[PDB]
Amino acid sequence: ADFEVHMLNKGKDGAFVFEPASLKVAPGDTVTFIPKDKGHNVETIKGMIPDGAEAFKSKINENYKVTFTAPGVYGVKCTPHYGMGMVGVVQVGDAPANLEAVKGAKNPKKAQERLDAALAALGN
């Protein structure tokens, strides 16, 4: 299955957001991250990807397709707006085994706020 997540200058949750900020996909599914507004990218957050997963970082303004294979939770950020909380979570599969490692990772306050809310949306 193929999903899309947009990087936006604003949305419902304020400025500098991923929409949706939380998404659950099956292993093997793809997500295309779309900087619909200029000035955004997508990058894995250090400490917030499961075992077997690769870190990734898109170029600013590129639509970036990732095929998620390793089960677990993934925290992602927009590199330039990470300090203003421009983050999202992708959960791949059920019962993510890295949940306690993710929940422990260090983030800017505004990022941590939105990550916690995203994790919670997923029912974690």
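Residues carry their position along the shown sequence, with the first being 1.
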* Stretch with the higher entry mean CA B-factor, where the candidates are 100-108 and 11-19 -> 100-108
* Structure fact -> The stretch whose C-alpha atoms carry the larger average B-factor in the entry, 66-74 or 52-60, is 52-60
* Choose from 43, 37, 94, 29 the residue with the greatest Cα B-factor as stated in the PDB record. => 94
* To do: Relative to the other modelled residues of the same chain, rank the CA B-factor of residue 5 and answer lowest, middle or highest third.
  => middle
* Chain third (lowest, middle, highest) by recorded CA B-factor, residue given as residue 119 -> lowest
